Structures are given as structure tokens and as C-alpha cells.
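Single-structure report; data block below.
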Amino acid sequence: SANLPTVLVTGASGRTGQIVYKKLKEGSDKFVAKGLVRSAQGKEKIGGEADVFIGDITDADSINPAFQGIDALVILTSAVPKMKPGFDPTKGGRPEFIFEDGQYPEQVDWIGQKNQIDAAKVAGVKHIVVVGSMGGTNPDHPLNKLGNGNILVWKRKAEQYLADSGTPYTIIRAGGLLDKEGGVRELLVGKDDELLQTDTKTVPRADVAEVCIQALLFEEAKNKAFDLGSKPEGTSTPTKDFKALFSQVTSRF
Ligand SMILES: NC(=O)c1ccc[n+]([C@@H]2O[C@H](COP(=O)([O-])OP(=O)(O)OC[C@H]3O[C@@H](n4cnc5c(N)ncnc54)[C@H](OP(=O)(O)O)[C@@H]3O)[C@@H](O)[C@H]2O)c1
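Residue 1 is where the sequence shown starts when you use PDB author numbering, and the numbers rise one by one after that.
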């Protein structure tokens, strides 16, 4: 094992996950990519290569092969609520959202992530990175009501479990995600939702992807939990010194 580390990214066909997968592939001088997706559909979306496996994190037997012989894991899975199909705007309600049964945050963001961290640990992973969301400091956050899922709460439960696990970890609580260009913004690190009080509380999905990659390359990123926002493009100088960036972070949770 002068060999480069094998990095498995889960949720690899999701919007952020697909970018991590791409960056892991391009980074063939530093990493060996692997990916886990929920469907043959998702597999083809990211290129159908043989380093992509299909499995469901709520059924732990199915994800086992993906987890074999990995040195690092980037968890990019999430419960995803859908619009309840009954909606009729023209007498003032607001849309209700739901999660399919067995697809609620408790099952996917807590249990699902527990499944992944547990199998990673069985496999002897060296570093687990997880992406979640800002808001977690406030259990009354409106997002928790989405589909009655308590999504932030269950996610933070998995983050806590990860932090308590004994495996070196990086927890990245993203601000509101943007479908905009990465690598073109100064990136900001925060603690305990402080950025929610600022105007720099959103972040390109590409920059979240890049922070995940850099986490893998600096000891400084290990046993760290932090929030991730950004300043807008064209305003200031895009982050390049990640050692500095991660040395700003002291929080373990
Ligand atoms: N949206 C925001 O503004 C916001 C803000 C802050 C943080 N975040 C968090 O940021 C992270 C990335 O967000 P994103 O929008 O880029 O993610 P995303 O597009 O929703 O991708 C989530 C992935 O999870 C996968 N997944 C769901 N259930 C699964 C299961 N049972 N087994 C295996 N995979 C499963 C989905 O697979 P499929 O492709 O098959 O559906 C999907 O690829 C998420 O944790 C999200 O909660 C989001």
C-alpha cells in the first residue's frame, strides 16, 4: 500500500455526488474512484464504468460489495421529498411534500448512513467524509417539517454517530446548494450555523464536491465538523490553500 487510496462515493448519481465521482476519476494521480448508486439508471448517468456499483443503503446486504477494499468513503446520499400529488394552487394552500414509505430521513439519512459507516468500518476504511446541511443547531428549523421527516435531526444523528465512531471523519454542513460554477468563489467555513446570520450562506454543488476531495488530502480535515458557504462569483478570490482553510476548523462536532 504505496498504492493510491480507493475512494468510494455514495449517492454517486445525485447532483453533488456525480461531481465528486467525476473529480475522483480525473484525480487518477491521487485516488482510485469507486461509486455507489441506487439504480442501473443512475449507473448509466455517470458513465456505466465497472467501478460503479448499484445498491440501496436501506438494505445493507446490497451495498456490501461496493464497500469491499475501500480506503475512504464520501457519503453523499440523502432522503428526497417529492411534491404530494394533490396540489391545487388556486385556492390558497401550500404544497405538501412526502417521502415514500421506507424512504424517510430516519431510514435513509440516519439508518442508511449508519449502514454505510458500519460497513466502511468493517472494511477498514481510513477516513469517512459526509455531506449534510446547515440548520442543525435548531430543531425547530422549517426543513424538519418537510414531509414530517425531521430531515436535519436525523442527519445530525448520523453526523454524531460518525463523530463518535472512532474512524477519522469530516462533516461538511453545506449551505443552500447552487447549480453554478465551481472553483470560482472564496469559500467560507463556519461553526454552528453562524453563516446563516450572513449573506454568504449558499454554495455551488461543484465547490461542495471539491471540498470533499481536498478533505481527503489534508490531515487537517480529519476529525472536523464545519459549515460551508461561499461569497458570490466575480466578488473576491477563489479558494486555493485548503491546508489553511481546514486549519481554520477546530470543532469536532
Ligand atoms: N438541496 C440543498 O440546497 C441542500 C442544502 C444543504 C445540504 N444539502 C444536502 O447536500 C447533500 C447533496 O445534495 P444534492 O442535492 O446534491 O443530493 P441529491 O441530488 O438529492 O442526491 C441524493 C442521492 O441520494 C441517493 N439515494 C436516496 N436514497 C438512497 C438509497 N436508498 N440508497 C442509495 N442511494 C440513495 C439518490 O439516488 P437517486 O439518484 O436514485 O435518486 C441521490 O443520488 C444532501 O445530503 C442534501 O441533503 C442539500
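Ideal Cβ placement from N, Cα and C applies to all residues, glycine included.
Open item on the list: Could you tell me the alpha carbon to alpha carbon distance between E44 and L36, rounded to whole angstroms?
Closed with: Roughly 12 Å between the two C-alpha positions.
- [ ] Work out the CA separation of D193 and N138 for me, nearest whole Å.
- [x] Those two C-alpha atoms are separated by around 9 Å.
Task: ligand 1 heavy atom lying under 6 Å from the CB of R252 - done: No, ligand 1 has no heavy atom inside 6 Å of this Cβ.
Task: Of the listed residues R94, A66 and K243, nearest to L217 (C-alpha basis) - done: Nearest option by C-alpha distance: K243.
- [ ] Give the secondary structure of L195 by DSSP, where H, G and I count as helix, E and B as strand, and everything else as coil.
- [x] Judged by DSSP in its simplified three-state form, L195 adopts helix.
Open item on the list: Tell me which residues share the same chain as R252 and place their Cβ nearer than 8 Å to its Cβ, disregarding the 5 neighbours each side in the sequence.
Closed with: If we look at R252 and ignore the five residues flanking it on each side, its Cβ neighbours are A163, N223, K224 and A225.
TODO: Please classify residue 296: is it buried, with 16 or more other beta-carbons within 10 angstroms of its beta-carbon, or exposed?
DONE: Because the chain is modelled from 1 through 253, residue 296 falls outside the range shown and cannot be assessed.
Open item on the list: Is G42 close to ligand 1? I mean its beta-carbon at under 6 Å from any heavy atom of the ligand.
Closed with: Yes.
Open item on the list: Looking at ligand 1, does it come within less than 6 Å of residue 315, judged from the CB to the closest heavy atom?
Closed with: Within the shown structure, residues of the chain are numbered from 1 to 253, placing residue 315 beyond reach of any answer.
Task: Proximity test, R38 beta-carbon vs ligand 1 heavy atom, cut-off 6 Å - done: It does: the Cβ of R38 is within 6 Å (strictly closer) of some heavy atom of ligand 1.
- [ ] From the DSSP output, in three-state form, read off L76 for me.
- [x] Reduced to three states, the DSSP call for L76 is coil.
Open item on the list: Tell me the rounded alpha-carbon separation between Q103 and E26.
Closed with: Answer to the nearest angstrom: the Cα atoms are 32 Å apart.
Open item on the list: Are there any heavy atoms of ligand 1 lying less than 6 Å away from the beta-carbon of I70, as far as the coordinates show?
Closed with: Residue side-chain check: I70 keeps its Cβ at 6 Å or more from all non-hydrogen atoms of ligand 1.
TODO: Would you mind sorting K84 into buried or exposed? The rule is 16 or more other CB atoms within 10 Å of its CB.
DONE: Classified as exposed, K84 has fewer than 16 neighbouring CB atoms from the shown chains inside 10 Å of its CB.
- [ ] With DSSP as the reference, label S39 as helix, strand or coil.
- [x] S39: coil per DSSP, three-state reduction.
- [ ] Give the straight-line distance between the Cα atoms of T167 and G42, rounded to the nearest whole angstrom.
- [x] C-alpha separation (whole angstroms): 29 Å.
Task: Residue span of the beta strand (DSSP E) that contains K224, given as start and end - done: Per DSSP, the continuous beta strand (DSSP E) segment holding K224 begins and ends at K224 to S230.
Task: Proximity below 7 Å, CB of residue 294 to CB of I151 - done: The shown model of the chain, from 1 to 253, leaves out residue 294, and the question about it has no answer.
Task: beta strand (DSSP E) runs wholly inside the segment 84 to 144, at least 3 long, in chain order - done: Within the segment 84 to 144, the complete beta strand (DSSP E) runs of at least 3 residues are 127 to 133.
Task: Any alpha helix (DSSP H) of 4 or more consecutive residues that is wholly inside the segment 41 to 73 - done: Taking only runs of at least 4 residues, the alpha helix (DSSP H) segments lying wholly in the segment 41 to 73 are 60 to 67.
Open item on the list: I want to check one thing, is the minimum distance from the CB of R205 to the heavy atoms of ligand 1 below 6 Å?
Closed with: Indeed, a heavy atom of ligand 1 lies less than 6 Å from the Cβ.
Open item on the list: According to DSSP, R173 sits in a beta bridge with which residue or residues?
Closed with: Within the DSSP secondary-structure output, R173 pairs in a beta bridge with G132 and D227.
Open item on the list: Distance check for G175 and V184, CA to CA, integer angstroms please.
Closed with: Cα to Cα, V184 sits roughly 17 Å from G175.
Open item on the list: Please report the straight-line C-alpha distance between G17 and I117, rounded to a whole angstrom.
Closed with: Near 17 Å, if we compare the C-alpha coordinates of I117 and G17.
Open item on the list: Whole angstroms are fine: how far does the CA of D51 sit from the CA of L4?
Closed with: Looking at the two C-alpha atoms, the distance is approximately 15 Å.
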